[PDB]
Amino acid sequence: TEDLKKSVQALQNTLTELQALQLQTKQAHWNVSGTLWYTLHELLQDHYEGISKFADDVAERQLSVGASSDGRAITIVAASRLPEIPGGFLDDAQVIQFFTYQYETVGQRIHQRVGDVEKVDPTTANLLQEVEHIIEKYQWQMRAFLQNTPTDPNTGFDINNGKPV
C-alpha cells in the first residue's frame, strides 16, 4: 500500500517547494533593487512562469495517481524546510545569493525523490526529472552572475557596495 504513499509523498513535497518558490520569485521580482534590478525582474518573471507550470503539473499528477493535492498557504508555511526570503527592498546581490542556494537545495531534494519513486512509479519519476531539469537550469542562471573565469573572479563587488558577495 506504500506504492501510492511513496508517490504522494514525493509529489506533495515537490508541490509545496514549487509553491514556496512561486511566492519567493514573485516577491523578489517586485522588490529587487540595484544595478541588476531590471535584469533580475525579467529573469525572475521567467522563472516564475516555469515554476508555476510545473506546480500545476505536479498537483495534477497527484490527482492522477488518486490523491488530493494540498496547495494551501498554511501548508506552504508549515512545510518550509528552507529559509524565508526577507521582506522590504531586496538588493540584487542578495537575490542572486538567495536563489543560488534555494534552487540548489530544491534540485538536490527532487533528485533524491526521483530515485525513491522510479521503481514503483516511473511516470511520476519522469515528471520529477523534468522539474529537476528546470530548477537546475534556473540555478545555473543565478550562479552565472558570480561564476569565476580565467580573467575575472566575478566577486560581485560591483553589485554589493564594493564588498565580495
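Position 1 is the first residue in the sequence shown; the rest follow in order.
Of the two segments examined, 136 to 144 and 118 to 126, it is 118 to 126 that shows the higher average Cα temperature factor in the deposited entry. Averaged over CA atoms, B-factors in the entry run higher in 109 to 117 than in the other of 58 to 66 and 109 to 117. Highest C-alpha temperature factor among 19, 151, 13, 25 per the entry: 151. When the modelled residues of the chain are ordered by C-alpha B-factor, residue 33 sits in the middle third. Among the modelled residues of its chain, residue 102 has a C-alpha B-factor that falls in the middle third, as given in the PDB entry. Among the modelled residues of its chain, residue 94 has a C-alpha B-factor that falls in the middle third, as given in the PDB entry. Annotation for residue 74: C-alpha temperature factor in the middle third relative to the rest of the modelled chain, per the entry.
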